[PDB]
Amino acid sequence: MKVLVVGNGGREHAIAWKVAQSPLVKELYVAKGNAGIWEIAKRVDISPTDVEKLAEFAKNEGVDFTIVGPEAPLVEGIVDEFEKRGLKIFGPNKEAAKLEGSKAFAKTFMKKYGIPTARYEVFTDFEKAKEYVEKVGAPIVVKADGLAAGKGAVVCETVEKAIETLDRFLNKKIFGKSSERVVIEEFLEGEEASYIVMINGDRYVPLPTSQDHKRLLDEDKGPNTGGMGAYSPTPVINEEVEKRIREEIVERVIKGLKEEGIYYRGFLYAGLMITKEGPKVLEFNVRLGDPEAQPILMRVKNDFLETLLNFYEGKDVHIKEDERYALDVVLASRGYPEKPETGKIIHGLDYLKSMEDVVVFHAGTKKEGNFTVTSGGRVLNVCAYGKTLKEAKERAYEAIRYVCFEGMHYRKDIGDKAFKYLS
């Protein structure tokens, strides 16, 4: 069968990599993808957000199954475009994608269905929002309503930073309609963690747990980014935390969707903050997280293509998790998360291909002749398996010693928050 993966980053390389292990796929396509994915998939020169054009391609090319990686295409209704042409695609339709597409929608939904989350208030008026934050004081979190390419959610340590943020969002409208409405919520403290499940109507199946590191620099400093590294599983989500997540979050989302009459099929990644009060939703992501997908998929033993195909049509499935830990360190471009420098030659990729228990997922890489060059903010995902987390971390960092590109930056503390939970 023909399978199409939509997206150009590390999450998509992980997806394609897993799909390519299945005896079912005969032709694998990626739109657009990157240098790393092109070693195992045919390049489709269509941007992931050109949803109508992608649907037309899949139809004409006869794609049997499509898996969507990033949020933009989903929020834009790529699934609806595919359904319109009678195509099978894994991901939520435009209405269901609102759980990620609109913070206001998500927060209102969670309040209505009793889902644990940060207390909040919604605003469309700068003066009103300003007066509000001055009254509540800091720390506080200010978020744009719609997608803002990783710049919509800002933690403000001071009231001044909050008003400055509101100014850019509401007065300047830096993100257009996306920033014309904002959500201001309480700053939550605790340990961050990621819980991802696959949902199809009333049924859901959990995927490996994980913990990401959002800040650019070691000891959680510097600006927020799309994610600088993640590992699986994370002890932050023990047996009982997982029980609370499934019952107070996942199952309540399912109940809410049912009451709203909204059909949901696809991945649901809940960005969490595990507080002393219990797990709370920072935000919903209607797709796999990046880089969370990398270590997660590294630990899914079974044929993931078969699993997705069966789950897609309502068949029961059972995820078999690798007993080994999986850790991923992101190598980013100088400038990231602000304008990244690009066009730098990446050396050492061949060395890593021969390293055992090492896996590299490309993110933002392209070709320049026979050379592989940087083309985006996040460039490489240097991953490694390990019987223990310590082993996984050390192997990943050992691998980093052999890869290189000008201006490369990466955190050295990926996974450090987990050790206080282990022995």
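The numbering used is simple: start at 1 and walk along the sequence shown.
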Would 78-86 or 126-134 have the larger average of its C-alpha temperature factors, as given in the entry? 126-134
Quick one: say whether 343-351 or 314-322 has the higher mean Cα B-factor in the deposited entry. 314-322
Tell me which of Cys404, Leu24, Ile414, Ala16 tops the list for C-alpha B factor in the record. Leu24
Among the choices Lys280, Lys151, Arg265, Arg215, identify the one whose CA B-factor in the record is greatest. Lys151
Against its chain's modelled residues, does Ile67's Cα B factor rank lowest, middle or highest third? lowest
Of the three thirds of its chain by CA temperature factor, lowest, middle or highest, which one includes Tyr29? lowest
Relative to the other modelled residues in the chain, which third contains the C-alpha temperature factor of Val3: lowest, middle or highest? middle
Using the B-factors in the PDB entry, rank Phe169's C-alpha atom against the chain and give the third, lowest, middle or highest. highest
Lowest, middle or highest third - CA B-factor, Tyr195: lowest
